[PDB]
Protein chains: 4
Amino acid sequence: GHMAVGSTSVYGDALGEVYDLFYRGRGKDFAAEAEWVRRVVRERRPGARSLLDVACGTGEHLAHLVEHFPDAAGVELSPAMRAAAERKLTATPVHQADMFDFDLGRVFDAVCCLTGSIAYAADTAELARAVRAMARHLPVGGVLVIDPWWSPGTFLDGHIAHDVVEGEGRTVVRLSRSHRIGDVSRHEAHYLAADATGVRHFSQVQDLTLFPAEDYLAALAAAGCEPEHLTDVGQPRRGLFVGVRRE
Amino acid sequence: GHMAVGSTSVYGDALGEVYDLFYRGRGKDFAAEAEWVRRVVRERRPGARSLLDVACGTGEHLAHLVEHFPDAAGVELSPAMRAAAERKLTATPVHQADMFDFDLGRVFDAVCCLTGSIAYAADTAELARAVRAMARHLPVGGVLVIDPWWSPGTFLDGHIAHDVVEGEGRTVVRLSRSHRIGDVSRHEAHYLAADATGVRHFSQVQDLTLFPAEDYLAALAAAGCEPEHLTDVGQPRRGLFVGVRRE
Amino acid sequence: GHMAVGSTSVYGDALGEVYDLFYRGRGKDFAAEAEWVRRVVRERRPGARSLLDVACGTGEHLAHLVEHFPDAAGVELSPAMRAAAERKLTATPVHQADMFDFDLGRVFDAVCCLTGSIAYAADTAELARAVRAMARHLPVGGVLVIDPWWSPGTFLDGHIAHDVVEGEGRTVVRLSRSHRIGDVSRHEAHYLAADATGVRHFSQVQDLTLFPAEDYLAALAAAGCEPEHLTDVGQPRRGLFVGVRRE
Amino acid sequence: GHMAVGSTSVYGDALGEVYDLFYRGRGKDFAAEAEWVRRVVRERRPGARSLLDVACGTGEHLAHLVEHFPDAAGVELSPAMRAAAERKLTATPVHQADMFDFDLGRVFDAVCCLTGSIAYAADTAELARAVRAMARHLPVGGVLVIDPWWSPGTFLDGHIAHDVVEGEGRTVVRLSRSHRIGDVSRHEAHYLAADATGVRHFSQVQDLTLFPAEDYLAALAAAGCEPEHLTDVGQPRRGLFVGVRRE
Ligand SMILES: Nc1ncnc2c1ncn2[C@@H]1O[C@H](CSCC[C@H](N)C(=O)O)[C@@H](O)[C@H]1O
Ligand SMILES: Nc1ncnc2c1ncn2[C@@H]1O[C@H](CSCC[C@H](N)C(=O)O)[C@@H](O)[C@H]1O
Ligand SMILES: Nc1ncnc2c1ncn2[C@@H]1O[C@H](CSCC[C@H](N)C(=O)O)[C@@H](O)[C@H]1O
Ligand SMILES: Nc1ncnc2c1ncn2[C@@H]1O[C@H](CSCC[C@H](N)C(=O)O)[C@@H](O)[C@H]1O
Ligand SMILES: Cc1cn([C@H]2C[C@H](O)[C@@H](CO)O2)c(=O)[nH]c1=O
Ligand SMILES: Cc1cn([C@H]2C[C@H](O)[C@@H](CO)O2)c(=O)[nH]c1=O
Ligand SMILES: Cc1cn([C@H]2C[C@H](O)[C@@H](CO)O2)c(=O)[nH]c1=O
Ligand SMILES: Cc1cn([C@H]2C[C@H](O)[C@@H](CO)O2)c(=O)[nH]c1=O
């Protein structure tokens, strides 16, 4: 007889999601990036052994860093990410908190915020608040490492990417697109998945602010750190912003 | 900071669903329809006390009929519907089975299939199979009552309907549309719901066959029942098809 | 034979749309709101005869205001809205421009921005830029009227609304929901429409900033206007912010 | 300022579509399949020079066949396909008609229906009608070639496929899934496309009937053709059904 077909769609706000972050992570060199942090910190703070990673996602960078920085922690707003990070690490707490205003009641030799995550900040004032909150988790001589998002100058229009993962009984395809709006880059990601249970379609739209170099350096100085822009680490044409907390 | 937005959509086959059937049921006169069945059965079988309702949905017609037909049962393919019907009734079994070929190992004084449900049959042969399976659950003198779907002649193009249910902290709206394809009516139903958890969109597309009067009467005769078409019960311009099982 | 079913979905950025604004407008008292503007302007500027409406949408408020302010204009970023407004008005130009930084090369006795449209501004600095751009289209003694969006204090969580319009051969239903995120209200609107051509589903998600009273008054003062908050016009519990441009 | 995001979705019935058929066609060996037809026809009808391809899609098989069968035609129900086929061919008419009941007022040395297209027939009676309509476009000695869809025995559960086409400024990904329902295979195809205009999602669900070998052979015999099943041409484990029209 005739058999109906159906769909259900649910819509809402989104934060870090396990599989999404797994999936994005596939061609990503967590090792190289952890190395940037280790190197820039140890140059400025040779004995550094404690580290906080702010908006740490799945905790994968921490899994690299902890060999060098055995007294480590994470901060993640997404309950799902926080639980997945904590599962993956050993005796490394991951705290559920807002990068924009958090306080853990301790300091660390280094604080990092990686892969442009700081550009969830919507404006310069909010950027400054995040960098301040990071800086108060440092002692004098502590190192603050920001892997910035793109600037208005360096953001490239026209980006489109896809990926495919074909497993046993399950295939997932991904397509993504980005475009500029004012001083925001808007990122669209769509997934289709198919297995024995059926087909699913997932989508997410997220904005990141395009801050010029001056705004990052400024945020560092206002947070009581001596600001550097380093171009021999980080991604080409963006580099890293580093601050050493001043007495 | 910036907060992403997201959607997840899942696609699959659909059978009877609790809320959907609740919702459809709102202006529906279960009482009037149960009365058609009671009346047509008692005219032909004055002592009738047992009844089987095939594709019984939520079991609401059975809840009316059981006062008159205290030894009752249902058949429902949808596990969700079967469980909801059984919950609503007292000591009335609802069996998970296919109306097209089922066998319960007993007979009943009457068998019904209501609200056009028989027109899930895709063709005349399948219609005949359903009516046969119904007819073998009757003794000699048993009454088979079919509330047919529309025929090619009587189906009306242009149907569009909507409903709204506005509760405390939750609103659901529904919009539906139907159109003819060959000898099939295709029914589209969309829902939007919104509460504190967010917004959801649901959709379903289902076909029903448009059988002419002759095909229903034929199915009855081939199932060993004496066929009637009754026009003073059932919906205007379609009536009911009734069969009395013959020795 | 079997006939496939299908969907196509397109995703993108959205500005003012004709039918959407028609639809929203249905219970809206354009007359009352135009009256607020007329009254507050004529109290402060008895001879006022020219008016600019910034983010004017369909131009419906202008259609009321022009009897009183016969030398009028609009500003609208959405090409569709701009064309629809201009169609509806007589000899009233509607300019395609950004409310945040526009210059028409003239002044007007009054400038307004209605129904919370100013709260497309993402932060206080951007609010100040819009109000400045408005204020430079005023002479000394000119009146700037802002119908603000809600403040953090006055925004009400839990809003859900629906509408239905049932025409000949066409029905449109609408469902909307809003919630607070930080100092942003996020507004979701879904439509279903059905006619002889089929069924369509439309959705939009839009943010507005929740600015406290001080931020609006501040923006006025920094734009060289003497700031008032008026509570006997505008919506209950929000009022209007008015500025008189100072020499 | 804040910029809304939006989606529009339209739902309806679907027939052959140009890009979809392009896309499906990518790993398809039109040449091999045209060769099956040529070979089976010329074995039985050495002088054969005229051919009709029923449900011809884009006309690509015809573009191969016409070298051998220069007096050719197509039948296609989809206006879009019919126009695209006719564009691609030279002086080969493609008629808009229903494969289930059409009459072109001539015969051809051969009639084919390829890539399982005949299994749009919903039941045996409809299959027989299509094969009859094909057979009356043949003279005595004419060859009818059917590339059948899968049978209940040979249909394989678990099929999932994907494709990707990455062009300059445009990427399209495709994911498909099939499953069995009663004697129907249900096919779901989803596409995501992204270019400078945005992202689009397309989906289609289509049923094909699973007929056993006997039903195809039967249809041939009832259409006045001598039936063969050939296993050294066509796809492995399904072969071709061929009929020679009898005096
Ligand atoms: N306000 C906030 N505070 C803390 N974490 C946040 C946040 N807003 C977003 N995030 C998190 O930031 C992460 C960005 S995804 C990438 C995370 C990681 N640094 C990496 O390089 O792999 C998400 O996991 C999201 O949950
Ligand atoms: N093959 C099958 N066998 C049994 N029930 C079926 C079926 N195909 C569909 N149905 C059921 O038929 C019902 C149609 S909805 C209406 C049911 C009920 N007779 C009424 O009048 O209210 C659905 O609950 C669905 O689950
Ligand atoms: N940056 C910008 N500049 C000008 N208009 C804008 C804008 N951003 C959004 N808008 C417009 O602002 C309008 C908000 S809708 C309501 C408009 C109208 N004032 C009313 O009360 O009816 C939309 O038409 C949208 O196109
Ligand atoms: N009833 C009908 N009559 C004619 N064509 C039909 C039809 N139902 C579906 N079709 C067409 O059948 C085609 C199936 S797609 C494949 C077509 C082609 N034989 C090939 O091998 O490439 C579609 O183009 C669709 O438009
Ligand atoms: C290399 C590079 C990538 N990208 C961006 C565009 C995409 O949105 C994103 C893909 O990782 O990276 C730039 O914006 N600039 C660059 O120089
Ligand atoms: C009254 C009536 C309703 N309908 C149909 C059209 C819709 O698909 C459905 C709504 O219940 O009923 C007919 O087809 N014919 C009729 O005579
Ligand atoms: C009356 C009133 C409406 N609303 C809002 C909630 C909804 O998002 C919107 C509906 O017009 O108005 C407030 O936020 N506060 C109020 O006092
Ligand atoms: C080879 C083969 C493919 N397939 C089907 C499953 C998929 O729905 C479809 C992919 O072309 O082909 C079979 O059903 N049986 C077979 O033997």
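Numbered from 1 within each chain, the chains take letters A, B, ... in sequence-line order. Atoms within a ligand are numbered from 1 in the order they appear, just like the ligands themselves.
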Problem - Any donor-acceptor N/O pair, B:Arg177 side chain to C:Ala196 backbone, under 3.5 Å - result: yes

Handout entry: Residues C:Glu35 and C:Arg38 bridged, charged N to O under 4.0 Å
Key = yes

Problem - Every residue of the protein that comes under 4.0 Å of ligand 6, judged on heavy atoms - result: B:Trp150, B:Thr154, B:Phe155, B:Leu156, B:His159, B:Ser178, B:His187, B:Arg237

Pairs under 3.5 angstrom, nitrogen or oxygen on both sides, ligand 3 versus protein: list them out, please.
residue  : atom   : partner  : partner atom : Å
ligand 3 : 1 (N)  : C:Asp98  : OD1          : 2.9
ligand 3 : 3 (N)  : C:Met99  : N            : 2.9
ligand 3 : 5 (N)  : C:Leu77  : N            : 3.4
ligand 3 : 19 (N) : C:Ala55  : O            : 2.8
ligand 3 : 19 (N) : C:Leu114 : O            : 3.4
ligand 3 : 21 (O) : C:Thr115 : OG1          : 2.4
ligand 3 : 24 (O) : C:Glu76  : OE2          : 2.8
ligand 3 : 26 (O) : C:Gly16  : N            : 3.0
ligand 3 : 26 (O) : C:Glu76  : OE1          : 2.6

Practice task
Taking all heavy atoms of C:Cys56 and all of C:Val94, pick out the closest pair and write down the distance.
Solution key: SG-CG1, 3.7 Å

Exercise for the section: State, without any angle test, whether B:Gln204 and B:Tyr191 hold a side-chain donor-acceptor pair at a distance under 3.5 Å. Expected result: no

Handout entry: Between C:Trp150 and C:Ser185: side-chain donor-acceptor atoms closer than 3.5 Å
Key = no

Exercise for the section: Kindly write out the residues that satisfy side chain to side chain contact (heavy atoms under 4.5 Å, CB included) with C:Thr115, not counting sequence neighbours, or none if the list is empty. Expected result: C:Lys28, C:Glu33, C:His61, C:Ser117, C:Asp147

Exercise for the section: Over 60° means perpendicular and under 30° means parallel, so classify the ring planes of B:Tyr216 and B:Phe241, tilted if in between. Expected result: parallel

Handout entry: Within 6.0 Å of CZ in B:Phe22, more than 12 heavy atoms from elsewhere
Key = yes

Handout entry: C:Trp36: partners by ring-ring contact (aromatic ring centres under 6.0 Å, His included), with sequence neighbours left out
Key = none

